[PDB]
Amino acid sequence: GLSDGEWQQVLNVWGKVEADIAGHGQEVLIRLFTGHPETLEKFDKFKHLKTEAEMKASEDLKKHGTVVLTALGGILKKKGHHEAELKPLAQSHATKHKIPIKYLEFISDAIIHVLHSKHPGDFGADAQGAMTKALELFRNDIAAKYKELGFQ
Ligand code: HEM
Ligand SMILES: O=N[O-]
């Protein structure tokens, strides 16, 4: 957990994201914000987005989607050896942004949804298993840092 085979699947799936990082990033955030409107309130810069149409037309939302998925991609390519990459994000998200770990669960689920939505029939059962494991590992390691900091 994860096996070499599983990491290979994760990084193969990630190639899909890398072909259109901004599009995937945008759809992940829109899925997050529409499914869980409380998450929007954590972003002073997105609180004005009162409709999905406005979300889709927001170039800054797309920009942030790129920032988020680029960060995640860098972490995934470490294949679990990600302490240095993950540390600042756990600290900024717990201490500055005040993001409950529950919201990281939400965004993880959103990634899985968007992969199926954008690649229906091309995100196989093995691939979903591997990507889910990778996102759980990410969450688990963030959670350990949150506990250190006494957040939530
Ligand atoms: C895959 C999980 C996530 C990744 C990789 C990620 C990554 C990032 C990065 C790289 C930044 C800019 C640098 C920083 O402040 O640390 C950032 C900022 C931020 N993130 Fe996340 N994030 C994730 C999940 C979330 C979630 C679920 C929320 C809220 C529901 C959130 C809220 C924020 C906020 C409010 C900012 C500051 C925005 C600004 O001031 O421009 N993040 N995130
Ligand atoms: O959109 N997560 O920073």
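Residue numbering in chain A adheres to Swiss-Prot, whereby the residues present occupy positions 2-153 in order.
Note: Cβ is positioned from N, Cα and C throughout, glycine not excepted.
Now, the feature entries from Swiss-Prot:
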type	residues	note
DOMAIN	2-148	domain 'Globin'
MOD_RES	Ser4	phosphoserine
BINDING	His65	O2 binding site
BINDING	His94	heme b binding site
Count of other CB atoms lying within 10 Å of the CB belonging to the residue listed as 'phosphoserine':
10
Given the residue listed as 'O2 binding site' and the residue listed as 'phosphoserine', what distance in Å do their CA atoms have, once rounded to a whole number?
31
Roughly how many angstrom lie between the C-alpha atoms of the residue listed as 'phosphoserine' and the residue listed as 'heme b binding site'?
28
What are the DSSP helix/strand/coil residue counts across the domain 'Globin' (2-148)?
114 helix, 0 strand, 33 coil
